[PDB]
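J.: Below: one structure in structure tokens.
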Amino acid sequence: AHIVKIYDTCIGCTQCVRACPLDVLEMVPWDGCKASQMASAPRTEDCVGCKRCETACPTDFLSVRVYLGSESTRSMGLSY
Amino acid sequence: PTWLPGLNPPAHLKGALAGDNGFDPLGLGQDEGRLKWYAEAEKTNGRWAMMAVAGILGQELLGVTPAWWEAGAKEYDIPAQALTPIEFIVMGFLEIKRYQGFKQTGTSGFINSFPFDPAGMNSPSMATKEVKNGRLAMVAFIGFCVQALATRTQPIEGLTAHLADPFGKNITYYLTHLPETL
Amino acid sequence: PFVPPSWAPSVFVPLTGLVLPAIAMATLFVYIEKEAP
Amino acid sequence: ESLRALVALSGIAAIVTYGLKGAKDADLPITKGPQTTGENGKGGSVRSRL
Amino acid sequence: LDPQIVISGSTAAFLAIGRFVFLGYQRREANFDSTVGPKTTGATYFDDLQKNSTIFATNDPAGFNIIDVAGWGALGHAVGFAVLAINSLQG
Amino acid sequence: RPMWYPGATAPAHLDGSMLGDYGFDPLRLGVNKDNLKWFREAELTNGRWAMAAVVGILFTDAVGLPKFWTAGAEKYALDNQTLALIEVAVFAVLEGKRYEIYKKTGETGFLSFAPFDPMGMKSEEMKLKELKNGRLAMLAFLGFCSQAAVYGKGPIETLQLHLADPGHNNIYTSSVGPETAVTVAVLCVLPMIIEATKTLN
Amino acid sequence: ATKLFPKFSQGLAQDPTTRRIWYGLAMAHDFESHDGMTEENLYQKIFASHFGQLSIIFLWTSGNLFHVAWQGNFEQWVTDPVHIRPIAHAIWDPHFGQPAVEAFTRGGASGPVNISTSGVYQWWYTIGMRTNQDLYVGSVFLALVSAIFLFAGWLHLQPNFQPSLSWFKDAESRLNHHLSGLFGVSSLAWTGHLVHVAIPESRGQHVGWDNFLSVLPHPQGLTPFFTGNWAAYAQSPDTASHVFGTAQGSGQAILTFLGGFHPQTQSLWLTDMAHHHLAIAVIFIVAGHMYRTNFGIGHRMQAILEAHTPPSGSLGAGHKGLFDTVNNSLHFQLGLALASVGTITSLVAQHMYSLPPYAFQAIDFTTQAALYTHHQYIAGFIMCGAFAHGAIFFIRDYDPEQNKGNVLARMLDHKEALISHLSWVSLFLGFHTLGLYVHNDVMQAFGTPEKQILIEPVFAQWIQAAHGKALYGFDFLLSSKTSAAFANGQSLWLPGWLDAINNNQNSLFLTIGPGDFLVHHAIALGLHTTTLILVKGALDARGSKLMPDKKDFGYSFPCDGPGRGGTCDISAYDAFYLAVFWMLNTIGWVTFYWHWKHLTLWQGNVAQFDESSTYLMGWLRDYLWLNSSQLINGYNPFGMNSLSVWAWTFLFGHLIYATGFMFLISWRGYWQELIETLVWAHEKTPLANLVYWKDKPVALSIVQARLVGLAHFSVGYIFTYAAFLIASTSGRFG
Ligand code: CLA
Ligand code: CLA
Ligand code: CLA
Ligand code: CLA
Ligand SMILES: CC1=C(/C=C/C(C)=C/C=C/C(C)=C/C=C/C=C(C)/C=C/C=C(C)/C=C/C2=C(C)CCCC2(C)C)C(C)(C)CCC1
Ligand SMILES: CC1=C(/C=C/C(C)=C/C=C/C(C)=C/C=C/C=C(C)/C=C/C=C(C)/C=C/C2=C(C)CCCC2(C)C)C(C)(C)CCC1
Ligand SMILES: CC1=C(C/C=C(\C)CCC[C@H](C)CCC[C@H](C)CCCC(C)C)C(=O)c2ccccc2C1=O
């Protein structure tokens, strides 16, 4: 399983969620920014680490990171 | 007691181990159990050194033909090649006896399945004499070795050649007149 | 006092070329695939 | 373990005996050898060197 | 050309020059407690073959142990044999 | 339980339940309880044939008859090719029952009909006595094969060559002699290492 | 599943792929990142591993002694070594045919032996071996010593003898023993061996373990040593009419200072090497009493580091707090060690081609070639390792607050200046070197060879005139007869050095010209470039502007994906990865250059070098093309000869090399899809869907394939060049 962490510079623009091809990110209520939202990663056992969430983040140096870790049969994307 | 005129004895002299003179300038004898192993090793090196000095001095006083260093290769009846394994076997048995007693029960020496003391006396006045003569004999035997290497003499030749001329025939002579003696 | 015999390459070469690789690879292959209880 | 021991027994008892009774010419090496003094003195091209 | 005069005078000179004038300057470098006094805060063997064990006692009024004698005598011997060796190659 | 070097350990499956168990297995061969069941009769039969071979190897070299390493070489006997085929059939037949009677009963007997005891003789604690004799005999057979080696005379002839004679002609004054001294010195110092393995646990 | 292998990393022994096998082979010696690794356990494992390495080294040397003594002809080689070739070992290959074995049987042997281009024969003849028996004794001894080291390595893991952590990290007590004991006493004892055995064997005598106790090494003997008459050990040295292995012109001296070469053997005198090891033994033993142990007079390294901060603050804190990072980290110490050992290795090579120590070296030319090339390549790899462990130090063991203001933080503060100026010098040397070579090529291609730039290397020729090479007409400091240095050294150690430096037949201070100018600049380009890549990788390991948290990923991580324009090869591992290619190139240049200059020296025409060395067609035609004539004729449809094995290795190298390109050029995912279709095919095939994988097959990961491609590149490169060098030099002169 990989390590996906959301940081506090998030502005809650939902770009990371629409870019995730595996549905491991979701938007939770929050009271720290104008949009009153913040991303969260409740299902990092389904993540494969494609790093589209990092590409979609607008704020400079990113508000979401994907640290690579120990692979499994789901995090390798093996269909056989 | 201690080697220097003045020393606070370290953590190997409490008041007594076998016979102690507070001489650990490097500081090895500290690990517990290990100092006991060193004590037994000191005793047994002394034992072989006492038997060795008795050996050389007994060879020379009883009038054997070669000196003690050329005594390995005269001739014998077996004579030389089959003398190693027998030694190894005999010393094996005795020695694994010694160790396998010393490890389990008797933290002193013995020879065969004992604490060995058939017809003798056991008191610290004998233990200190044993250790002292052992040290004396180790130093003595290394004296024989280096003295024989430099002078090419049997030991009593050295002692009488020194008693015939104290001022002279010293270590300075035999180290600065080396082609004379070779 | 030490000399290896004349027939020594003939025996020791295929031993270390074929046998020890075979035992090594078979043993290691059983070791790799073992499941922990 | 049984047949795995059997292949060890047979593999050893085949290869080790191939060493000293695979002398059915092995093409060159086994005591058929160089019957000519092949390249003893021929070593170098400019300097001979044996 | 006496070896005893050269070596004995050498070691005497160096023991004197270490005795009287270079003692305190050598003892100002004993104070390393500003940076290191616990070389090893250890409990057992493998730590006290590395920590101090014995203290060589001196009734010497200034306090030369056998170690300072060994050091200054060693330098004296090195320099004395250097003098004899430079004298050795035919002047 | 007198171990193979005076103060020793016991490997963790050679307790005192076997017969000749002096606790010697340094290479961990019989670690199964399935090969012990088999190595026991390997031990007993390998030893047993050698016990039956020592008698022949001594009598043929006491009475006369040409020396054993050239026994079958010259042969006044019959038809070298086919009597081996006689030496196949009766044996394989016999082996069927040896292995079968090994399988059906527990680890003891072999002959064709039953655990073979036509006498009322010892079937007791003295099976260790004959396996002890056997493991003596196996060592005795290798010596004779090393006498068909280096000296080339028979058992009793070299027995006369040394065994009325001093230690001037023995192993170490012979062809294969410098290696035996090394092996004696190495084997003798070996339990001194095995003790160091288990002193530091 | 949760397989056993490997036990050091639980997360690795978890996945059902074949990644676990390769990674389990790859992370075995990464002790710092196993499961449950404390610090004491780390040091103890490193200690036992060192013992393992020592065991392997000594066992290997015993192997060399054994094979030389058994299958070689060292007993016959010592009678005439300008003749019968060395023998390494004998071959028993059942694949051979009749002319193969008929060909390989060379050197006076009776079967397929192959020549020993290693220099062990000259080493063992110089130090004092003469027969086989001595070699066997040495082999048995070294095998025994290897067994001792292996046993000790097992010993110090047993829980009663495991040294505690603070026994390690004891700097001051380790350096006194290393410097005094390990260097000084070893050097003193080696002097003992030279004086007692090696010299009287070179006078003609058999000083063995028998009767070395009863033989005078010098016919006065320890009288002048204890009197102070030491120059009486140098009177009447070996005459210049000497014959080495006999007593002809034999002297009596044991400690001289002559310089120069031996007039008949083209090596240094043995007496000088005795004197040298004696002198530096004294120096090292004296230098071993600097630091403090459980006594008085010693030094503290922390005080020494603390007091060296300069006033005016040109350095911030100077060396404050370095001692708690040199002591606390292993990659820092390993980096320093690899740096020093690599530079010393280069020095070994550079001195051993020019000042050959061993008897009848430099008349076996293949020995010279292989030795120098070997040590150069070894030095290259070692230096690359030094910078790699620098990068690992920065990522894993660096701490900023402990290093606030020392020189180590200053180096991280202005690193762009460093990288910029390394870039500048690399560019400058590249443009001008390549430009001058291309210009000379164009001039040579057209009919005008006099229209080309040939700069004379006047600096190095100034230096060579400073050392005594009286050919350039400069007349100063050692070439002038009225200098102070010349007159002071004249009486004892100059006249050998001048006769050895004015000879134009040895390798000592070869004559140089414009080709050497150009090639030396090429070499400087190699060094500055490789330093650029490595230093950039090291200093940008904490983070860059493309990525300011590179420290959170560790040393060797793949990439950061397609974002921000895509970041391939961003790790420090990949910087070192790029640097390896430059190392191979640069050593290629120095070794091509050395080899060709000495080929033209040994053949006879230095003119060919001094003319054709100034334009790249000269290299391609006169070195690579002309000298590969006897190599590729190692076998043809007409027959084969000795150098057929080399002519097969020579293609083998190319094959590995070209396979190396595959893992570099074609990156991963293509292979992932291909392997997936293969999985389908084996899954649906009848009569072969009865055998399955236990661990699912996947393609090699991004990081691994770089290492594999580099392995093929390096191995093929080395095998190809070794084949060409051995085959060419031994085909001509051998
Ligand atoms: C480590 C150094 C070393 C090396 C590289 C070689 C290399 C070779 N030896 Mg050899 N040998 C060595 C040391 C070495 N020897 C020593 C010390 C001895 C004395 C016991 C011998 C005795 C010996 C004989 C008698 C013969 C060879 C032969 C050979 C050749 C065929 C390979 C073979 O069967 O070897 C077999 C080698 C051995 C049996 C000795 C190795 C013993 C040590 C304990 C093993 C080392 C283990 C190793 C480090 C672990 C690597 C494996 C691991 C990756 C899984 C080959 C050139 C054959 C030959 O000459 O053919 C022409 C041959 O017949 N060797
Ligand atoms: C070859 C026949 C043979 C066989 C099958 C056995 C079998 C056995 N013995 Mg054994 N033994 C034998 C001969 C044999 N012995 C001989 C000849 C001796 C006297 C030297 C002994 C002395 C002995 C003792 C003292 C003990 C055993 C024990 C055992 C049992 C457990 C140990 C084990 O796993 O061994 C398995 C062993 C094998 C399967 C043998 C494999 C053969 C190897 C691979 C080749 C050996 C060749 C040899 C090294 C080279 C020739 C040697 C020569 C130069 C001296 C096992 C049933 C132990 C036990 O439980 O008590 C009964 C025990 O304590 N044996
Ligand atoms: C005098 C005592 C002594 C001695 C001899 C050693 C010796 C050694 N220690 Mg050591 N050590 C000591 C005291 C000593 N130590 C003390 C007191 C401590 C506690 C502080 C330690 C703590 C310690 C640690 C923690 C470690 C060692 C290690 C080592 C080994 C280093 C590896 C090696 O082989 O280097 C060999 C080096 C040389 C021979 C010198 C090379 C000099 C130059 C560079 C080479 C060129 C010279 C010449 C040209 C070569 C000729 C080539 C020839 C083939 C022609 C070495 C055996 C390491 C080891 O391997 O552990 C097993 C290790 O990890 N020691
Ligand atoms: C003093 C010697 C020394 C020591 C003790 C170390 C120790 C270490 N290095 Mg290091 N290193 C060294 C020299 C050394 N290195 C040199 C000289 C280089 C330059 C090449 C490097 C380059 C280097 C890198 C780049 C890295 C390390 C890493 C490491 C650490 C883990 C090693 C590991 O897991 O590898 C496991 C070892 C293997 C899997 C072996 C691979 C086999 C290689 C590819 C050679 C194969 C060639 C093949 C045998 C040819 C056969 C030919 C055929 C025809 C027969 C470890 C602390 C790694 C680290 O710290 O990770 C963060 C790391 O990333 N080192
Ligand atoms: C009692 C007293 C006194 C006196 C004192 C003294 C006098 C002392 C001395 C001391 C001494 C007298 C010491 C010495 C020491 C010595 C030494 C310590 C040495 C060393 C040596 C060396 C070091 C050497 C080395 C070497 C060699 C071997 C050779 C050459 C080279 C070399 C150098 C390396 C008086 C009267 C004052 C008063 C007070 C009291
Ligand atoms: C990355 C890193 C690292 C590494 C680094 C390195 C790797 C370095 C190298 C370096 C080097 C590798 C250097 C070199 C140097 C050298 C030198 C510096 C030289 C000098 C010389 C001299 C000084 C000489 C002189 C002389 C002459 C000129 C001649 C005559 C004689 C005489 C002596 C006078 C470390 C680990 C630290 C850590 C951090 C990071
Ligand atoms: C061919 C290739 C593969 C496919 C490689 C595979 C599937 C592995 C092929 C190796 C086979 C299975 C065995 C090779 C035989 C070797 C001798 C094995 C050596 C093993 C050591 C332990 C000795 C990649 O996955 C890849 C990934 C990234 C960049 C380039 C490439 C690439 O070029």
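J.: Can you list the equivalent-ellipsoid semi-axes of the protein assembly as shown, largest first and in whole Å, using the square root of 5 times each Cα gyration tensor eigenvalue?
T.: 55, 51, 43
J.: If you don't mind, another one. Considering only the other residues whose Cβ falls under 12 Å of the Cβ of G:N294, what net charge follows from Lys and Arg at +1 and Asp and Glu at -1?
T.: -2
J.: Now for a different question. What is the helix-to-structure angle for E:3-20, meaning the angle in degrees between its Cα long axis and the longest Cα principal axis of chain E, kept from 0 to 90 and rounded to the nearest 10?
T.: Relative to chain E, helix E:3-20 is tipped by roughly 40 degrees.
J.: Right, here's the next one. From the residues B:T151, B:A52, B:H177, which one has its Cα farthest along the dipole of chain B in the positive direction, the dipole being from +1 and -1 charges on Cβ of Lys/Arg and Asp/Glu about the Cα centre?
T.: Toward the positive end, the furthest listed residue is B:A52.
J.: As an exercise, use a Förster radius of 41 Å and the Cβ-Cβ distance of E:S34 and G:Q10 to find the FRET efficiency, rounded to the nearest 0.05.
T.: Computed FRET efficiency for E:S34 and G:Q10: 0.30.
J.: Let me ask something additional. Considering only DSSP states other than H, G, I, E and B, which chymotrypsin sites (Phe, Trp or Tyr not before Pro) in segment G:644-734 qualify as loop sites with at most 16 other Cβ atoms within 10 Å?
T.: G:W667, G:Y692, G:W693
J.: While we're here: Which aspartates and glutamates does D:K21 reach when only Cα atoms under 19 Å apart count, and residues fewer than 8 places away in its own chain are ignored?
T.: Counting by Cα, and skipping residues close in sequence, D:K21 has these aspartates and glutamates nearby: G:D93.
J.: With θ taken as phi - 60° and the coefficients 6.51, -1.76 and 1.60, list the Karplus ³J(HN,Hα) couplings across segment G:176-193 in order, rounded to whole Hz; mark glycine and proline as x.
T.: My calculation for segment G:176-193 gives 4, 6, 4, 4, 7, x, 4, 8, x, 5, 4, 5, 4, 5, 5, 4, x, 5 Hz in order.
J.: Return the long-range amide H neighbours of G:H299 (sequence gap of 5 or more, or a different chain), with a cut-off of under 5 Å between placed amide H atoms.
T.: Residues meeting the amide H criterion: G:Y291, G:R292.
J.: Relative contact order for chain A: what is it in percent, counting Cα pairs under 8 Å that are at least 6 residues apart?
T.: 41
J.: Moving on to the next point. So if I place +1 on the C-beta of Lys and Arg and -1 on the C-beta of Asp and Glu, and nothing else carries charge, what would the dipole magnitude of segment B:34-180 be about its Cα centre? I want it in debye, nearest 20.
T.: 720
J.: Checking the a/c ratio against 1.5 first, then a/b against b/c, what shape does the Cα gyration tensor give for chain F?
T.: The shape class here is oblate.
J.: Mind running the shape call on chain B? Use the C-alpha gyration tensor, a ≥ b ≥ c as the square roots of the eigenvalues: rounded below 1.5 for a/c, prolate if a/b tops b/c, oblate otherwise.
T.: oblate
J.: Could you work out the longest stretch of chain B that avoids the trypsin sites (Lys or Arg not before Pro) located in DSSP loops with at most 12 other Cβ atoms within 10 Å?
T.: Here the longest segment lacking exposed loop sites spans B:104-182.
J.: For each of G:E201, G:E611, count neighbouring Cβ atoms within 10 Å of the residue's Cβ, then give the residues from fewest to most.
T.: Placing the least packed residue first, the sequence is G:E611, G:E201.
J.: Report the net charge of residues surrounding F:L44, where surrounding means a beta-carbon distance below 13 angstrom and charges are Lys +1, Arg +1, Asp -1, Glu -1.
T.: So the environment of F:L44 carries a net charge of +4.
J.: Next question, about the same structure. Sequence-distant or interchain residues sharing an amide H contact under 5 Å with G:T17, placed H: which?
T.: G:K696
J.: Within a Cβ distance under 9 Å of A:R43, other residues only, what is the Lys/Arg minus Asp/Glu net charge?
T.: -4
J.: Amide H to amide H under 5 Å from G:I115: which residues, 5+ apart in sequence or cross-chain, H placed 1.01 Å off N in plane?
T.: Residues meeting the amide H criterion: G:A88.
J.: If you take each beta carbon of peptide D:14-26 and count the beta carbons of other chains within 10 angstrom, what is the mean?
T.: Across the residues of D:14-26, the mean count of other-chain Cβ atoms within 10 Å is 4.
J.: While we're here: Would you work out which of G:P224, G:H277, G:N211 lies farthest towards the positive end of the dipole of chain G, given +1 charges on the beta-carbon of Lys and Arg and -1 on that of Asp and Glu, about the Cα centre?
T.: The residue sitting farthest along the positive end of the dipole is G:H277.
J.: Treating only the Cβ atoms of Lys and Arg (+1) and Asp and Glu (-1) as charged, compute the dipole magnitude of chain G about its Cα centre; round to the nearest 20 debye.
T.: Rounded to the nearest 20 debye, it is 580 debye.
J.: Sequence gap at least 6, Cα distance under 8 Å: using those rules, report the relative contact order of segment G:572-674 to the nearest whole percent.
T.: 10
J.: Okay, next question. Assign one of three labels to segment B:141-182, namely rounded, prolate or oblate, based on the Cα gyration tensor with a ≥ b ≥ c the square roots of its eigenvalues; rounded applies when a/c is under 1.5, prolate when it is not and a/b is larger than b/c, and oblate otherwise.
T.: oblate
J.: Report, as an integer, the average count of C-beta atoms from other chains found within 10 Å of each Cβ along G:673-680.
T.: Mean number of neighbouring Cβ atoms from other chains: 1.
J.: Can you pull out the GluC sites (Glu not before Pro) in segment F:65-133 whose DSSP state is coil and whose Cβ has at most 16 other Cβ atoms within 10 Å?
T.: F:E74, F:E107, F:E124, F:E125
J.: List G:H262, G:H178 from most exposed to least, where exposure is judged by having the fewest other Cβ atoms within 10 Å.
T.: If I rank by nearby Cβ atoms, fewest first, I get G:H178, G:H262.
J.: Just to check I understand the Karplus step: with θ = phi - 60° and J = 6.51 cos²θ - 1.76 cosθ + 1.60, what whole-Hz values come out for segment G:715-728, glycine and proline as x?
T.: 5, x, 4, 5, 5, 4, 5, 4, 4, 4, 5, 4, 5, 5
J.: On to the next question. When only C-alpha pairs under 8 Å and at least 6 residues apart count, what is the relative contact order of chain G, in percent?
T.: Answer for chain G is 11 percent.
J.: To the nearest 20 debye, what is the magnitude of the charge dipole of the protein assembly as shown about its Cα centre, counting +1 on the Cβ of each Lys and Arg and -1 on the Cβ of each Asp and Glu?
T.: It comes to approximately 980 debye.
J.: Using only the alpha-carbon atoms, what does chain G span along each of its principal axes? Please give whole angstrom values in decreasing order.
T.: 84, 78, 60
J.: Whole-Hz Karplus ³J(HN,Hα) for segment F:147-153, in order, using 6.51 cos²θ - 1.76 cosθ + 1.60 and θ = phi - 60°, x for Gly and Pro?
T.: Running phi through 6.51 cos²θ - 1.76 cosθ + 1.60 with θ = phi - 60° gives 8, 4, 7, 2, 7, x, 9 Hz.
J.: Partner chain Cβ atoms within 10 Å, averaged over the residues of G:91-99 - can you pull that number for me?
T.: Shielding by partners across G:91-99 averages 6.
J.: Right, another one. On a 0 to 90° scale, report how tilted helix B:83-102 is relative to the longest principal axis of chain B, with both axes built from alpha carbons and the result rounded to the nearest 10.
T.: It is inclined by approximately 30 degrees.
J.: Here's something else I'd like to know. Looking at segment F:28-100, which trypsin sites (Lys or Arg not before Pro) are in a loop (DSSP not H, G, I, E or B) and have at most 11 other Cβ atoms within 10 Å?
T.: Passing sites in segment F:28-100 are F:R28, F:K33, F:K75.
No value in this document is a laboratory result; all are computed from the given coordinates. Here Cβ is always computed from backbone atoms with ideal geometry, including for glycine, and neighbour counts include all displayed protein chains.
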